[PDB]
file coords_34.pdb (PDB, N, CA and C atoms)
ATOM      1  N   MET A   1    -101.067 -45.983  -5.177
ATOM      2  CA  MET A   1    -100.164 -45.271  -6.076
ATOM      3  C   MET A   1     -98.714 -45.713  -5.850
ATOM      4  N   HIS A   2     -97.912 -45.480  -6.883
ATOM      5  CA  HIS A   2     -96.514 -45.820  -6.857
ATOM      6  C   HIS A   2     -95.769 -45.248  -5.678
ATOM      7  N   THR A   3     -95.244 -46.129  -4.833
ATOM      8  CA  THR A   3     -94.470 -45.700  -3.662
ATOM      9  C   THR A   3     -93.069 -46.303  -3.717
ATOM     10  N   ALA A   4     -92.064 -45.614  -3.196
ATOM     11  CA  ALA A   4     -90.703 -46.110  -3.233
ATOM     12  C   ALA A   4     -90.523 -47.409  -2.478
ATOM     13  N   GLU A   5     -90.057 -48.420  -3.207
ATOM     14  CA  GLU A   5     -89.816 -49.744  -2.628
ATOM     15  C   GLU A   5     -88.369 -49.834  -2.134
ATOM     16  N   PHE A   6     -88.180 -50.487  -1.005
ATOM     17  CA  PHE A   6     -86.836 -50.633  -0.427
ATOM     18  C   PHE A   6     -86.644 -52.084   0.008
ATOM     19  N   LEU A   7     -85.863 -52.881  -0.724
ATOM     20  CA  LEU A   7     -85.742 -54.271  -0.270
ATOM     21  C   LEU A   7     -85.018 -54.369   1.055
ATOM     22  N   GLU A   8     -85.189 -55.519   1.719
ATOM     23  CA  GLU A   8     -84.441 -55.588   2.997
ATOM     24  C   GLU A   8     -83.079 -56.204   2.709
ATOM     25  N   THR A   9     -82.011 -55.745   3.357
ATOM     26  CA  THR A   9     -80.730 -56.385   3.006
ATOM     27  C   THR A   9     -79.979 -56.860   4.228
ATOM     28  N   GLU A  10     -78.933 -57.656   3.996
ATOM     29  CA  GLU A  10     -78.140 -58.156   5.112
ATOM     30  C   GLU A  10     -77.091 -57.154   5.545
ATOM     31  N   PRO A  11     -76.447 -57.450   6.674
ATOM     32  CA  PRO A  11     -75.426 -56.461   7.043
ATOM     33  C   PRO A  11     -74.364 -56.346   5.947
ATOM     34  N   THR A  12     -73.759 -55.172   5.885
ATOM     35  CA  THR A  12     -72.721 -54.883   4.890
ATOM     36  C   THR A  12     -71.514 -55.798   5.089
ATOM     37  N   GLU A  13     -70.897 -56.255   4.005
ATOM     38  CA  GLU A  13     -69.686 -57.110   4.186
ATOM     39  C   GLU A  13     -68.472 -56.183   4.123
ATOM     40  N   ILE A  14     -67.443 -56.464   4.917
ATOM     41  CA  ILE A  14     -66.289 -55.540   4.841
ATOM     42  C   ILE A  14     -65.644 -55.596   3.451
ATOM     43  N   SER A  15     -65.585 -56.767   2.822
ATOM     44  CA  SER A  15     -65.008 -56.922   1.500
ATOM     45  C   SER A  15     -65.705 -56.086   0.458
ATOM     46  N   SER A  16     -66.869 -55.532   0.793
ATOM     47  CA  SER A  16     -67.560 -54.727  -0.211
ATOM     48  C   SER A  16     -67.120 -53.262  -0.116
ATOM     49  N   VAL A  17     -66.556 -52.863   1.015
ATOM     50  CA  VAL A  17     -66.138 -51.535   1.329
ATOM     51  C   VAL A  17     -64.774 -51.091   0.902
ATOM     52  N   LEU A  18     -64.702 -50.374  -0.215
ATOM     53  CA  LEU A  18     -63.506 -49.851  -0.812
ATOM     54  C   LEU A  18     -63.369 -48.339  -0.644
ATOM     55  N   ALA A  19     -64.490 -47.667  -0.475
ATOM     56  CA  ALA A  19     -64.675 -46.253  -0.319
ATOM     57  C   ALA A  19     -63.815 -45.588   0.712
ATOM     58  N   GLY A  20     -63.402 -46.293   1.770
ATOM     59  CA  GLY A  20     -62.558 -45.539   2.708
ATOM     60  C   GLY A  20     -61.203 -45.249   2.090
ATOM     61  N   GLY A  21     -60.959 -45.839   0.923
ATOM     62  CA  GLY A  21     -59.686 -45.646   0.247
ATOM     63  C   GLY A  21     -59.578 -44.452  -0.674
ATOM     64  N   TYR A  22     -60.701 -43.807  -0.964
ATOM     65  CA  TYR A  22     -60.711 -42.629  -1.831
ATOM     66  C   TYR A  22     -61.905 -41.737  -1.483
ATOM     67  N   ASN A  23     -61.679 -40.803  -0.565
ATOM     68  CA  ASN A  23     -62.705 -39.890  -0.081
ATOM     69  C   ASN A  23     -62.207 -38.460   0.058
ATOM     70  N   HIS A  24     -60.895 -38.336   0.191
ATOM     71  CA  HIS A  24     -60.206 -37.047   0.323
ATOM     72  C   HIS A  24     -59.374 -36.806  -0.939
ATOM     73  N   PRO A  25     -59.213 -35.538  -1.311
ATOM     74  CA  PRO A  25     -58.454 -35.159  -2.498
ATOM     75  C   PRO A  25     -57.052 -35.765  -2.499
ATOM     76  N   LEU A  26     -56.480 -35.871  -1.308
ATOM     77  CA  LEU A  26     -55.147 -36.409  -1.096
ATOM     78  C   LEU A  26     -55.104 -37.910  -1.327
ATOM     79  N   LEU A  27     -56.222 -38.548  -0.992
ATOM     80  CA  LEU A  27     -56.267 -39.998  -1.173
ATOM     81  C   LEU A  27     -56.295 -40.355  -2.646
ATOM     82  N   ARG A  28     -56.557 -39.336  -3.457
ATOM     83  CA  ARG A  28     -56.620 -39.585  -4.888
ATOM     84  C   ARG A  28     -55.250 -39.651  -5.513
ATOM     85  N   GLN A  29     -54.270 -39.088  -4.823
ATOM     86  CA  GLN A  29     -52.862 -39.062  -5.215
ATOM     87  C   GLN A  29     -52.201 -40.358  -4.652
ATOM     88  N   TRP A  30     -52.692 -40.709  -3.470
ATOM     89  CA  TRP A  30     -52.277 -41.866  -2.696
ATOM     90  C   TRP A  30     -52.567 -43.161  -3.455
ATOM     91  N   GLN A  31     -53.676 -43.155  -4.170
ATOM     92  CA  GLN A  31     -54.213 -44.202  -4.990
ATOM     93  C   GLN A  31     -53.530 -44.332  -6.345
ATOM     94  N   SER A  32     -52.555 -43.501  -6.694
ATOM     95  CA  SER A  32     -51.947 -43.663  -8.029
ATOM     96  C   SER A  32     -50.616 -44.393  -7.934
ATOM     97  N   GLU A  33     -50.398 -45.366  -8.795
ATOM     98  CA  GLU A  33     -49.163 -46.150  -8.876
ATOM     99  C   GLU A  33     -47.949 -45.268  -9.102
ATOM    100  N   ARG A  34     -48.163 -44.119  -9.736
ATOM    101  CA  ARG A  34     -47.089 -43.172  -9.985
ATOM    102  C   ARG A  34     -47.632 -41.807 -10.345
ATOM    103  N   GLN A  35     -46.959 -40.755  -9.887
ATOM    104  CA  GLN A  35     -47.395 -39.391 -10.149
ATOM    105  C   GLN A  35     -46.514 -38.708 -11.188
ATOM    106  N   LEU A  36     -47.135 -37.791 -11.913
ATOM    107  CA  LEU A  36     -46.548 -36.991 -12.941
ATOM    108  C   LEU A  36     -45.557 -35.954 -12.442
ATOM    109  N   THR A  37     -44.287 -36.105 -12.785
ATOM    110  CA  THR A  37     -43.244 -35.154 -12.425
ATOM    111  C   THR A  37     -42.829 -34.407 -13.708
ATOM    112  N   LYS A  38     -42.057 -33.340 -13.608
ATOM    113  CA  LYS A  38     -41.672 -32.629 -14.843
ATOM    114  C   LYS A  38     -40.554 -33.324 -15.579
ATOM    115  N   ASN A  39     -39.717 -34.078 -14.874
ATOM    116  CA  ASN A  39     -38.610 -34.737 -15.559
ATOM    117  C   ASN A  39     -39.036 -35.984 -16.283
ATOM    118  N   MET A  40     -40.343 -36.123 -16.497
ATOM    119  CA  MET A  40     -40.899 -37.290 -17.163
ATOM    120  C   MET A  40     -41.313 -36.995 -18.596
ATOM    121  N   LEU A  41     -41.513 -35.705 -18.825
ATOM    122  CA  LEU A  41     -41.955 -35.264 -20.131
ATOM    123  C   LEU A  41     -40.835 -35.127 -21.127
ATOM    124  N   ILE A  42     -41.169 -35.482 -22.364
ATOM    125  CA  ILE A  42     -40.156 -35.336 -23.419
ATOM    126  C   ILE A  42     -40.799 -34.538 -24.565
ATOM    127  N   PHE A  43     -40.203 -33.385 -24.838
ATOM    128  CA  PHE A  43     -40.725 -32.506 -25.874
ATOM    129  C   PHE A  43     -40.146 -32.734 -27.235
ATOM    130  N   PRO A  44     -41.023 -33.027 -28.215
ATOM    131  CA  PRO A  44     -40.528 -33.247 -29.579
ATOM    132  C   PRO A  44     -40.078 -31.944 -30.234
ATOM    133  N   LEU A  45     -38.975 -31.971 -30.977
ATOM    134  CA  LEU A  45     -38.499 -30.757 -31.645
ATOM    135  C   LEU A  45     -38.279 -31.036 -33.147
ATOM    136  N   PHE A  46     -38.854 -30.205 -34.005
ATOM    137  CA  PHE A  46     -38.727 -30.307 -35.458
ATOM    138  C   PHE A  46     -37.775 -29.230 -35.967
ATOM    139  N   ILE A  47     -36.561 -29.668 -36.282
ATOM    140  CA  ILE A  47     -35.524 -28.749 -36.740
ATOM    141  C   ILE A  47     -35.425 -28.648 -38.237
ATOM    142  N   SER A  48     -35.538 -27.421 -38.746
ATOM    143  CA  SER A  48     -35.493 -27.070 -40.128
ATOM    144  C   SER A  48     -34.121 -26.795 -40.705
ATOM    145  N   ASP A  49     -34.046 -27.035 -42.007
ATOM    146  CA  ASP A  49     -32.826 -26.803 -42.805
ATOM    147  C   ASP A  49     -32.494 -25.289 -42.721
TER     148      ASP A  49
ATOM    149  N   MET B   1      10.076 -60.168 -15.631
ATOM    150  CA  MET B   1       9.369 -59.469 -14.563
ATOM    151  C   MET B   1       7.861 -59.440 -14.839
ATOM    152  N   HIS B   2       7.119 -59.246 -13.754
ATOM    153  CA  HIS B   2       5.683 -59.182 -13.814
ATOM    154  C   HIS B   2       5.157 -58.174 -14.803
ATOM    155  N   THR B   3       4.442 -58.660 -15.812
ATOM    156  CA  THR B   3       3.850 -57.779 -16.827
ATOM    157  C   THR B   3       2.338 -57.979 -16.867
ATOM    158  N   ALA B   4       1.573 -56.944 -17.182
ATOM    159  CA  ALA B   4       0.127 -57.051 -17.217
ATOM    160  C   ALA B   4      -0.370 -58.041 -18.247
ATOM    161  N   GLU B   5      -1.114 -59.031 -17.757
ATOM    162  CA  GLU B   5      -1.683 -60.069 -18.620
ATOM    163  C   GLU B   5      -3.084 -59.650 -19.074
ATOM    164  N   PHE B   6      -3.406 -59.948 -20.318
ATOM    165  CA  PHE B   6      -4.720 -59.588 -20.870
ATOM    166  C   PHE B   6      -5.281 -60.793 -21.623
ATOM    167  N   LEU B   7      -6.271 -61.498 -21.071
ATOM    168  CA  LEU B   7      -6.746 -62.659 -21.831
ATOM    169  C   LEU B   7      -7.426 -62.249 -23.118
ATOM    170  N   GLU B   8      -7.550 -63.216 -24.037
ATOM    171  CA  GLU B   8      -8.247 -62.783 -25.270
ATOM    172  C   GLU B   8      -9.733 -63.060 -25.090
ATOM    173  N   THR B   9     -10.617 -62.193 -25.578
ATOM    174  CA  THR B   9     -12.033 -62.529 -25.345
ATOM    175  C   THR B   9     -12.845 -62.487 -26.618
ATOM    176  N   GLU B  10     -14.073 -63.004 -26.544
ATOM    177  CA  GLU B  10     -14.935 -63.000 -27.719
ATOM    178  C   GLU B  10     -15.662 -61.681 -27.874
ATOM    179  N   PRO B  11     -16.325 -61.522 -29.019
ATOM    180  CA  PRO B  11     -17.030 -60.238 -29.116
ATOM    181  C   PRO B  11     -18.056 -60.099 -27.989
ATOM    182  N   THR B  12     -18.326 -58.853 -27.638
ATOM    183  CA  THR B  12     -19.279 -58.535 -26.570
ATOM    184  C   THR B  12     -20.680 -59.020 -26.937
ATOM    185  N   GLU B  13     -21.432 -59.533 -25.969
ATOM    186  CA  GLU B  13     -22.822 -59.964 -26.304
ATOM    187  C   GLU B  13     -23.743 -58.786 -25.989
ATOM    188  N   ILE B  14     -24.784 -58.588 -26.793
ATOM    189  CA  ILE B  14     -25.649 -57.431 -26.467
ATOM    190  C   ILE B  14     -26.330 -57.633 -25.108
ATOM    191  N   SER B  15     -26.721 -58.858 -24.766
ATOM    192  CA  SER B  15     -27.361 -59.155 -23.498
ATOM    193  C   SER B  15     -26.499 -58.801 -22.314
ATOM    194  N   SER B  16     -25.219 -58.519 -22.548
ATOM    195  CA  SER B  16     -24.370 -58.185 -21.408
ATOM    196  C   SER B  16     -24.396 -56.675 -21.146
ATOM    197  N   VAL B  17     -24.796 -55.888 -22.135
ATOM    198  CA  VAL B  17     -24.832 -54.462 -22.119
ATOM    199  C   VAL B  17     -26.039 -53.779 -21.557
ATOM    200  N   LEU B  18     -25.951 -53.349 -20.303
ATOM    201  CA  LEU B  18     -26.981 -52.676 -19.562
ATOM    202  C   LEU B  18     -26.701 -51.188 -19.370
ATOM    203  N   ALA B  19     -25.437 -50.821 -19.415
ATOM    204  CA  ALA B  19     -24.873 -49.513 -19.244
ATOM    205  C   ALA B  19     -25.489 -48.421 -20.065
ATOM    206  N   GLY B  20     -26.042 -48.724 -21.244
ATOM    207  CA  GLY B  20     -26.622 -47.574 -21.953
ATOM    208  C   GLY B  20     -27.868 -47.082 -21.242
ATOM    209  N   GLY B  21     -28.299 -47.839 -20.236
ATOM    210  CA  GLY B  21     -29.494 -47.473 -19.493
ATOM    211  C   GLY B  21     -29.307 -46.542 -18.317
ATOM    212  N   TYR B  22     -28.062 -46.308 -17.921
ATOM    213  CA  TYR B  22     -27.764 -45.410 -16.806
ATOM    214  C   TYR B  22     -26.364 -44.817 -16.976
ATOM    215  N   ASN B  23     -26.301 -43.670 -17.644
ATOM    216  CA  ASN B  23     -25.052 -42.980 -17.936
ATOM    217  C   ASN B  23     -25.142 -41.477 -17.723
ATOM    218  N   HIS B  24     -26.367 -40.977 -17.782
ATOM    219  CA  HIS B  24     -26.680 -39.557 -17.589
ATOM    220  C   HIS B  24     -27.457 -39.401 -16.279
ATOM    221  N   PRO B  25     -27.283 -38.258 -15.618
ATOM    222  CA  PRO B  25     -27.950 -37.975 -14.352
ATOM    223  C   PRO B  25     -29.463 -38.165 -14.446
ATOM    224  N   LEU B  26     -30.004 -37.834 -15.611
ATOM    225  CA  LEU B  26     -31.424 -37.929 -15.899
ATOM    226  C   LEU B  26     -31.877 -39.375 -16.020
ATOM    227  N   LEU B  27     -30.961 -40.194 -16.530
ATOM    228  CA  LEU B  27     -31.314 -41.603 -16.692
ATOM    229  C   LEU B  27     -31.430 -42.286 -15.344
ATOM    230  N   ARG B  28     -30.930 -41.592 -14.327
ATOM    231  CA  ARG B  28     -30.982 -42.175 -12.996
ATOM    232  C   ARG B  28     -32.339 -42.013 -12.360
ATOM    233  N   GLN B  29     -33.109 -41.063 -12.868
ATOM    234  CA  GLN B  29     -34.470 -40.751 -12.435
ATOM    235  C   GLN B  29     -35.436 -41.654 -13.262
ATOM    236  N   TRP B  30     -35.020 -41.840 -14.509
ATOM    237  CA  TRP B  30     -35.705 -42.631 -15.516
ATOM    238  C   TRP B  30     -35.799 -44.095 -15.088
ATOM    239  N   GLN B  31     -34.752 -44.554 -14.428
ATOM    240  CA  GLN B  31     -34.544 -45.867 -13.890
ATOM    241  C   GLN B  31     -35.280 -46.119 -12.581
ATOM    242  N   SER B  32     -36.006 -45.162 -12.018
ATOM    243  CA  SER B  32     -36.678 -45.460 -10.738
ATOM    244  C   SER B  32     -38.153 -45.761 -10.956
ATOM    245  N   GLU B  33     -38.651 -46.812 -10.338
ATOM    246  CA  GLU B  33     -40.053 -47.232 -10.401
ATOM    247  C   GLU B  33     -40.993 -46.133  -9.938
ATOM    248  N   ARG B  34     -40.499 -45.264  -9.062
ATOM    249  CA  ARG B  34     -41.286 -44.148  -8.566
ATOM    250  C   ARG B  34     -40.408 -43.102  -7.917
ATOM    251  N   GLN B  35     -40.759 -41.831  -8.097
ATOM    252  CA  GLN B  35     -39.980 -40.734  -7.539
ATOM    253  C   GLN B  35     -40.678 -40.100  -6.342
ATOM    254  N   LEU B  36     -39.858 -39.578  -5.445
ATOM    255  CA  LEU B  36     -40.241 -38.911  -4.241
ATOM    256  C   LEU B  36     -40.900 -37.558  -4.454
ATOM    257  N   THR B  37     -42.174 -37.438  -4.114
ATOM    258  CA  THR B  37     -42.911 -36.186  -4.210
ATOM    259  C   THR B  37     -43.151 -35.672  -2.776
ATOM    260  N   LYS B  38     -43.604 -34.445  -2.600
ATOM    261  CA  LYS B  38     -43.824 -33.963  -1.223
ATOM    262  C   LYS B  38     -45.110 -34.483  -0.632
ATOM    263  N   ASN B  39     -46.096 -34.799  -1.466
ATOM    264  CA  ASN B  39     -47.361 -35.277  -0.917
ATOM    265  C   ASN B  39     -47.310 -36.725  -0.516
ATOM    266  N   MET B  40     -46.095 -37.256  -0.383
ATOM    267  CA  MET B  40     -45.895 -38.651  -0.024
ATOM    268  C   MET B  40     -45.463 -38.819   1.425
ATOM    269  N   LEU B  41     -44.932 -37.720   1.940
ATOM    270  CA  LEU B  41     -44.429 -37.729   3.298
ATOM    271  C   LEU B  41     -45.503 -37.531   4.334
ATOM    272  N   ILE B  42     -45.317 -38.240   5.444
ATOM    273  CA  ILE B  42     -46.287 -38.076   6.536
ATOM    274  C   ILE B  42     -45.490 -37.768   7.814
ATOM    275  N   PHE B  43     -45.763 -36.594   8.367
ATOM    276  CA  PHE B  43     -45.058 -36.153   9.561
ATOM    277  C   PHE B  43     -45.720 -36.526  10.850
ATOM    278  N   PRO B  44     -44.986 -37.263  11.706
ATOM    279  CA  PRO B  44     -45.566 -37.652  12.997
ATOM    280  C   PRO B  44     -45.670 -36.465  13.951
ATOM    281  N   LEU B  45     -46.763 -36.366  14.702
ATOM    282  CA  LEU B  45     -46.916 -35.258  15.649
ATOM    283  C   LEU B  45     -47.252 -35.808  17.051
ATOM    284  N   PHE B  46     -46.502 -35.385  18.059
ATOM    285  CA  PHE B  46     -46.699 -35.783  19.453
ATOM    286  C   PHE B  46     -47.342 -34.639  20.228
ATOM    287  N   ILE B  47     -48.639 -34.795  20.472
ATOM    288  CA  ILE B  47     -49.404 -33.763  21.164
ATOM    289  C   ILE B  47     -49.522 -33.989  22.645
ATOM    290  N   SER B  48     -49.099 -32.991  23.422
ATOM    291  CA  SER B  48     -49.093 -32.971  24.848
ATOM    292  C   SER B  48     -50.358 -32.479  25.517
ATOM    293  N   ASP B  49     -50.537 -32.986  26.729
ATOM    294  CA  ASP B  49     -51.675 -32.626  27.598
ATOM    295  C   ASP B  49     -51.585 -31.102  27.879
TER     296      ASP B  49
END
call {"tool": "encode", "arguments": {"input": "coords_34.pdb", "output": "C-alpha cells"}}
result
Amino acid sequence: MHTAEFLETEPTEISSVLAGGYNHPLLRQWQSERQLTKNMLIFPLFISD
Amino acid sequence: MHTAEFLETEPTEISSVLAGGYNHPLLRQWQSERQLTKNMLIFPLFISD
C-alpha cells in the first residue's frame, strides 16, 4: 500500500538558508526598506464653491 | 571709492534650481531616504555576575 516516500538529500547549503532573517515579528519590520510614518501621508481635499 | 560690483548674468537655468525641494520643515523629512523610528534602536546591556 501507498507509503510516504522520503528521498535522501545532501547536507543543507548555507546559501539556501534565508529563514533566520524573518522569524520574529520584529524581524518583519527589520526587513522593510522603509516604514510607514504619519508625516508620509497626504490627504486629498475637495473644496466646494 | 569702493562700490558694490554686480556682474551681469544670464537667465537662471532650471537645472540649477534645487531649492524648491527643501524650504519647509516638512520637506526636510520628505528629503530623507529613511526616518528614525523607535523599533530601530538597539540598547546594549552589560550583565554582571
call {"tool": "calpha_fit_and_write", "arguments": {"input": "coords_34.pdb", "fixed": "chain A", "moving": "chain B", "output": "compact mmCIF listing (two decimals) with N, CA and C atoms, keeping the file's coordinate frame"}}
result
# COMPACT_ATOMS: atom_id res chain seq x y z
N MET B 1 -101.07 -45.98 -5.18
CA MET B 1 -100.16 -45.27 -6.08
C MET B 1 -98.71 -45.71 -5.85
N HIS B 2 -97.91 -45.48 -6.88
CA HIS B 2 -96.51 -45.82 -6.86
C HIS B 2 -95.77 -45.25 -5.68
N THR B 3 -95.24 -46.13 -4.83
CA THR B 3 -94.47 -45.70 -3.66
C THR B 3 -93.07 -46.30 -3.72
N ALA B 4 -92.06 -45.61 -3.20
CA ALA B 4 -90.70 -46.11 -3.23
C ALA B 4 -90.52 -47.41 -2.48
N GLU B 5 -90.06 -48.42 -3.21
CA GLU B 5 -89.82 -49.74 -2.63
C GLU B 5 -88.37 -49.83 -2.13
N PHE B 6 -88.18 -50.49 -1.00
CA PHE B 6 -86.84 -50.63 -0.43
C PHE B 6 -86.64 -52.08 0.01
N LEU B 7 -85.86 -52.88 -0.72
CA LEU B 7 -85.74 -54.27 -0.27
C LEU B 7 -85.02 -54.37 1.05
N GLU B 8 -85.19 -55.52 1.72
CA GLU B 8 -84.44 -55.59 3.00
C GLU B 8 -83.08 -56.20 2.71
N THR B 9 -82.01 -55.74 3.36
CA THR B 9 -80.73 -56.39 3.01
C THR B 9 -79.98 -56.86 4.23
N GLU B 10 -78.93 -57.66 4.00
CA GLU B 10 -78.14 -58.16 5.11
C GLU B 10 -77.09 -57.15 5.54
N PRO B 11 -76.45 -57.45 6.67
CA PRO B 11 -75.43 -56.46 7.04
C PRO B 11 -74.36 -56.35 5.95
N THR B 12 -73.76 -55.17 5.89
CA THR B 12 -72.72 -54.88 4.89
C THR B 12 -71.51 -55.80 5.09
N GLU B 13 -70.90 -56.26 4.01
CA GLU B 13 -69.69 -57.11 4.19
C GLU B 13 -68.47 -56.18 4.12
N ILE B 14 -67.44 -56.46 4.92
CA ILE B 14 -66.29 -55.54 4.84
C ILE B 14 -65.64 -55.60 3.45
N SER B 15 -65.59 -56.77 2.82
CA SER B 15 -65.01 -56.92 1.50
C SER B 15 -65.71 -56.09 0.46
N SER B 16 -66.87 -55.53 0.79
CA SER B 16 -67.56 -54.73 -0.21
C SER B 16 -67.12 -53.26 -0.12
N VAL B 17 -66.56 -52.86 1.01
CA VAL B 17 -66.14 -51.54 1.33
C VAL B 17 -64.77 -51.09 0.90
N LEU B 18 -64.70 -50.37 -0.21
CA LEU B 18 -63.51 -49.85 -0.81
C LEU B 18 -63.37 -48.34 -0.64
N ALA B 19 -64.49 -47.67 -0.47
CA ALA B 19 -64.68 -46.25 -0.32
C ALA B 19 -63.82 -45.59 0.71
N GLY B 20 -63.40 -46.29 1.77
CA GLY B 20 -62.56 -45.54 2.71
C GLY B 20 -61.20 -45.25 2.09
N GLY B 21 -60.96 -45.84 0.92
CA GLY B 21 -59.69 -45.65 0.25
C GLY B 21 -59.58 -44.45 -0.67
N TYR B 22 -60.70 -43.81 -0.96
CA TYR B 22 -60.71 -42.63 -1.83
C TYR B 22 -61.90 -41.74 -1.48
N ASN B 23 -61.68 -40.80 -0.57
CA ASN B 23 -62.70 -39.89 -0.08
C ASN B 23 -62.21 -38.46 0.06
N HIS B 24 -60.90 -38.34 0.19
CA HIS B 24 -60.21 -37.05 0.32
C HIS B 24 -59.37 -36.81 -0.94
N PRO B 25 -59.21 -35.54 -1.31
CA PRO B 25 -58.45 -35.16 -2.50
C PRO B 25 -57.05 -35.76 -2.50
N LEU B 26 -56.48 -35.87 -1.31
CA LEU B 26 -55.15 -36.41 -1.10
C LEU B 26 -55.10 -37.91 -1.33
N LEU B 27 -56.22 -38.55 -0.99
CA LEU B 27 -56.27 -40.00 -1.17
C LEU B 27 -56.29 -40.35 -2.65
N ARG B 28 -56.56 -39.34 -3.46
CA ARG B 28 -56.62 -39.59 -4.89
C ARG B 28 -55.25 -39.65 -5.51
N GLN B 29 -54.27 -39.09 -4.82
CA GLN B 29 -52.86 -39.06 -5.22
C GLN B 29 -52.20 -40.36 -4.65
N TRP B 30 -52.69 -40.71 -3.47
CA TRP B 30 -52.28 -41.87 -2.70
C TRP B 30 -52.57 -43.16 -3.45
N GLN B 31 -53.68 -43.16 -4.17
CA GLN B 31 -54.21 -44.20 -4.99
C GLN B 31 -53.53 -44.33 -6.35
N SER B 32 -52.56 -43.50 -6.69
CA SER B 32 -51.95 -43.66 -8.03
C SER B 32 -50.62 -44.39 -7.93
N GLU B 33 -50.40 -45.37 -8.80
CA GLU B 33 -49.16 -46.15 -8.88
C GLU B 33 -47.95 -45.27 -9.10
N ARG B 34 -48.16 -44.12 -9.74
CA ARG B 34 -47.09 -43.17 -9.98
C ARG B 34 -47.63 -41.81 -10.34
N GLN B 35 -46.96 -40.76 -9.89
CA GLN B 35 -47.40 -39.39 -10.15
C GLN B 35 -46.51 -38.71 -11.19
N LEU B 36 -47.13 -37.79 -11.91
CA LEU B 36 -46.55 -36.99 -12.94
C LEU B 36 -45.56 -35.95 -12.44
N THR B 37 -44.29 -36.10 -12.78
CA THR B 37 -43.24 -35.15 -12.42
C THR B 37 -42.83 -34.41 -13.71
N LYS B 38 -42.06 -33.34 -13.61
CA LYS B 38 -41.67 -32.63 -14.84
C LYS B 38 -40.55 -33.32 -15.58
N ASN B 39 -39.72 -34.08 -14.87
CA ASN B 39 -38.61 -34.74 -15.56
C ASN B 39 -39.04 -35.98 -16.28
N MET B 40 -40.34 -36.12 -16.50
CA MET B 40 -40.90 -37.29 -17.16
C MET B 40 -41.31 -36.99 -18.60
N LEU B 41 -41.51 -35.71 -18.82
CA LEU B 41 -41.96 -35.26 -20.13
C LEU B 41 -40.84 -35.13 -21.13
N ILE B 42 -41.17 -35.48 -22.36
CA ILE B 42 -40.16 -35.34 -23.42
C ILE B 42 -40.80 -34.54 -24.56
N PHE B 43 -40.20 -33.39 -24.84
CA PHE B 43 -40.72 -32.51 -25.87
C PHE B 43 -40.15 -32.73 -27.24
N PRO B 44 -41.02 -33.03 -28.21
CA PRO B 44 -40.53 -33.25 -29.58
C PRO B 44 -40.08 -31.94 -30.23
N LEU B 45 -38.97 -31.97 -30.98
CA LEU B 45 -38.50 -30.76 -31.65
C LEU B 45 -38.28 -31.04 -33.15
N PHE B 46 -38.85 -30.21 -34.00
CA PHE B 46 -38.73 -30.31 -35.46
C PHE B 46 -37.78 -29.23 -35.97
N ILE B 47 -36.56 -29.67 -36.28
CA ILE B 47 -35.52 -28.75 -36.74
C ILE B 47 -35.42 -28.65 -38.24
N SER B 48 -35.54 -27.42 -38.75
CA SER B 48 -35.49 -27.07 -40.13
C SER B 48 -34.12 -26.79 -40.71
N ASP B 49 -34.05 -27.04 -42.01
CA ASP B 49 -32.83 -26.80 -42.80
C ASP B 49 -32.49 -25.29 -42.72
call {"tool": "resolve_selection", "arguments": {"input": "coords_34.pdb", "expression": "the PyMOL selection byres ((chain A) within 8 of (chain B))", "output": "list in words"}}
result
residues 26, 29, 30, 33, 34, 35, 39 and 40 of chain A
call {"tool": "select_by_dssp", "arguments": {"input": "coords_34.pdb", "residues": "chain A", "states": "alpha helix (DSSP H)", "output": "list in words"}}
result
residues 27, 28, 29 and 30 of chain A
call {"tool": "atom_distance", "arguments": {"input": "coords_34.pdb", "atom1": "atom CA of residue 47 of chain B", "atom2": "atom C of residue 20 of chain A"}}
result
25.2 Å
call {"tool": "atom_distance", "arguments": {"input": "coords_34.pdb", "atom1": "atom CA of residue 27 of chain B", "atom2": "atom N of residue 42 of chain A"}}
result
12.9 Å
call {"tool": "decode", "arguments": {"input": "coords_34.pdb", "residues": "segment 11-20 of chain B", "atoms": "N, CA and C atoms", "output": "PDB file, in the first residue's frame"}}
result
ATOM      1  N   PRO B  11      19.843  84.290 -17.919  1.00  0.00           N
ATOM      2  CA  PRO B  11      18.697  83.802 -17.139  1.00  0.00           C
ATOM      3  C   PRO B  11      19.063  82.522 -16.385  1.00  0.00           C
ATOM      4  N   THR B  12      18.371  82.316 -15.277  1.00  0.00           N
ATOM      5  CA  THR B  12      18.597  81.144 -14.425  1.00  0.00           C
ATOM      6  C   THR B  12      18.277  79.858 -15.184  1.00  0.00           C
ATOM      7  N   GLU B  13      19.061  78.805 -14.977  1.00  0.00           N
ATOM      8  CA  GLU B  13      18.730  77.527 -15.675  1.00  0.00           C
ATOM      9  C   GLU B  13      17.872  76.703 -14.714  1.00  0.00           C
ATOM     10  N   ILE B  14      16.897  75.967 -15.239  1.00  0.00           N
ATOM     11  CA  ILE B  14      16.077  75.191 -14.280  1.00  0.00           C
ATOM     12  C   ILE B  14      16.931  74.133 -13.573  1.00  0.00           C
ATOM     13  N   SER B  15      17.884  73.515 -14.266  1.00  0.00           N
ATOM     14  CA  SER B  15      18.754  72.509 -13.685  1.00  0.00           C
ATOM     15  C   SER B  15      19.556  73.034 -12.523  1.00  0.00           C
ATOM     16  N   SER B  16      19.575  74.353 -12.335  1.00  0.00           N
ATOM     17  CA  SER B  16      20.358  74.875 -11.218  1.00  0.00           C
ATOM     18  C   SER B  16      19.495  74.958  -9.954  1.00  0.00           C
ATOM     19  N   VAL B  17      18.178  74.956 -10.109  1.00  0.00           N
ATOM     20  CA  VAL B  17      17.205  75.090  -9.074  1.00  0.00           C
ATOM     21  C   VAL B  17      16.769  73.864  -8.334  1.00  0.00           C
ATOM     22  N   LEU B  18      17.343  73.643  -7.156  1.00  0.00           N
ATOM     23  CA  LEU B  18      17.084  72.533  -6.281  1.00  0.00           C
ATOM     24  C   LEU B  18      16.278  72.925  -5.046  1.00  0.00           C
ATOM     25  N   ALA B  19      16.362  74.185  -4.669  1.00  0.00           N
ATOM     26  CA  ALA B  19      15.746  74.831  -3.546  1.00  0.00           C
ATOM     27  C   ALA B  19      14.272  74.611  -3.390  1.00  0.00           C
ATOM     28  N   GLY B  20      13.527  74.384  -4.477  1.00  0.00           N
ATOM     29  CA  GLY B  20      12.099  74.174  -4.199  1.00  0.00           C
ATOM     30  C   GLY B  20      11.882  72.846  -3.499  1.00  0.00           C
TER      31      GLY B  20
END
